[PDB]
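Read the structure below first, then the notes.
Read the figures in this text as sums done on the coordinates, not as results from a lab. Ideal geometry is used to build each Cβ from the backbone, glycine not excepted, and the neighbour counts take in all protein chains shown.
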Amino acid sequence: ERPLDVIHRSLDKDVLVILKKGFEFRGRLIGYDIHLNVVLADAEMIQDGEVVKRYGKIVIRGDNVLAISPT
Amino acid sequence: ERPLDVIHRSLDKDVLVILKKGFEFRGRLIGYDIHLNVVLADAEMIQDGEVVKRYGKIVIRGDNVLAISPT
Amino acid sequence: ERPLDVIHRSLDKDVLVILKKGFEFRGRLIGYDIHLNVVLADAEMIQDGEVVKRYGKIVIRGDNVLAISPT
Amino acid sequence: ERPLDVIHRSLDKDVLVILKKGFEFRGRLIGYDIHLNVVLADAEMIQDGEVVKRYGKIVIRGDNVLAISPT
Amino acid sequence: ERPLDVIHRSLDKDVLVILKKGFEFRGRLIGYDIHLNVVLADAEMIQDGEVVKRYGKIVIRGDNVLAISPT
Amino acid sequence: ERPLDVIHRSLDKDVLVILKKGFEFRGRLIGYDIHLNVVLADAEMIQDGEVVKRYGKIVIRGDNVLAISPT
Amino acid sequence: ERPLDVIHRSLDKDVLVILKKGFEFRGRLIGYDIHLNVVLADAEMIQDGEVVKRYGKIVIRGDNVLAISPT
């Protein structure tokens, strides 16, 4: 039920990573660490519902993260 | 009585998570950790009084939190 | 005379929690921890000298706190 | 003379606590901790040399402090 | 694949380092540390899609990094 | 010449403390600590080149400092 | 070539220190510490490509640094 528990079971699952600034990243979670830094495969940066960029793989730093939700 | 006791007593209960933006989340509290990162189930993001997003489950990082209130 | 001493003496007493914003919370202090996260019961959120919201119980994170004054 | 030495020497004396705002608190220093959180007695919040609020006692968090000057 | 595994695997490979302020750096990853500070060789600062500077080598601090993507 | 070595040697001497706020402090360095908090005597707060405030003694928190230059 | 190795090798060499507001410092690196605080000799503060100030010696706190590049 804890924050890390949820992230753990989202491995290989699609997730939404909400950033503090105002945009988001969506992709398949393939890794993470205790600081909540995360690694996404086949990711897309989203802004106002529009897919702006895509990455084969991206490591996001948890300090910028507002929230993470298994979609 | 302490911050963590209150959060612990609110498991499985509706709570309000106020962010440093007059921006908030409301949902059922299902998990948390010592950094005050929290996990809500059946959540909704509220902006200026209205629902702008919904999540089956969402992990919110405590560093962005202003306050949490059991509802 | 130390910060935590003053906070401890304020338990079950009315306090003012000033945030950086012109915003503040006023309520009965019922708990706290070493990081200055505090719990208020029968609380009010004040914006520019006016009550904009009320809460039965609220946990406020010390990281957003400018000062706390026992009333 | 170390920052901590100066603060210690200002106990029970009047001091100016400058905030990263243009705002400041002025009052009698009655306590402090290693993080530079400080407690003031018979304190006032000042803006451009004018009193905007008064406090019998107030705990100010060091994280928001720019500087402290004993007067 | 944990964050550090991906970064390690990217040594001598091309990477995109996105900073919290809209701009990015691109170059060959030649070094890094546990804080996610990174060293890029033959790097390019990019703003809105325009290369504005080139560096033989450049050390970027992880505290300002939003994300890192092995291209 | 490590950062701290340069500071220690400026004891009793005139220094310029540049803040990440657009202004600076100038005065005689009479103390400091490992966090780069510093104490200045006969200090002058300078803004846009003009002295806008003067202090007999002032403790400046290092977290708001951009740089320190021994004049 | 981790971050610190690169900085070490730049001792007594010209370096560019990029800051967060379109500001930068250029000078000869003569000292540094593990926090990436750095000391520069014969330094210039540059704003949007224009030299606005000069310092015989200056200690720059690493917390404000975005990047460092040996010239």
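Among the criteria (1) touching a residue at least 24 places away in the same chain (Cβ under 8 Å); (2) within 9 Å of chain G (Cβ to nearest Cβ), the one E:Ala41 does not fulfil is (1). Inclusion of G:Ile46 among residues that are touching a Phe, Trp or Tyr at 6+ places or on another chain (Cβ under 8 Å) and over 18 Å from E:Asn37 (Cβ atoms) is warranted.
Taking the conditions exactly as written (of a type in the set (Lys, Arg) and within 20 Å of E:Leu19 (Cβ to Cβ)), does G:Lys21 satisfy them or not? So G:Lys21 fits the description; yes. Looking across B:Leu36, B:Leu29, B:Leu11, B:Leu19, one residue alone is over 14 Å from A:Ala67 (Cα atoms), of a type in the set (A, V, I, L, M) and facing another protein chain (nearest Cβ under 9 Å). It is B:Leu11.
Every condition in (1) within 14 Å of chain C (Cβ to nearest Cβ); (2) more than 21 Å from C:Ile30 (Cα to Cα) holds for B:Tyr55 except the one numbered (1).
All conditions but one from (1) basic (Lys, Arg); (2) more than 23 Å from G:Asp63 (Cα to Cα); (3) free of Cβ contacts under 8 Å to residues at least 60 places away in the same chain apply to E:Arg26; the one that does not is (2). Taking (1) in a strand (DSSP E or B); (2) within 14 Å of chain G (Cβ to nearest Cβ) in turn, F:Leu4 satisfies each apart from (1). Here A:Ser10 clears all of (1) part of a strand (DSSP E or B); (2) over 10 Å from the mean Cα position of the chain (by Cα); (3) surrounded by 15 or more Cβ atoms within 10 Å (Cβ to Cβ) except the condition numbered (1).
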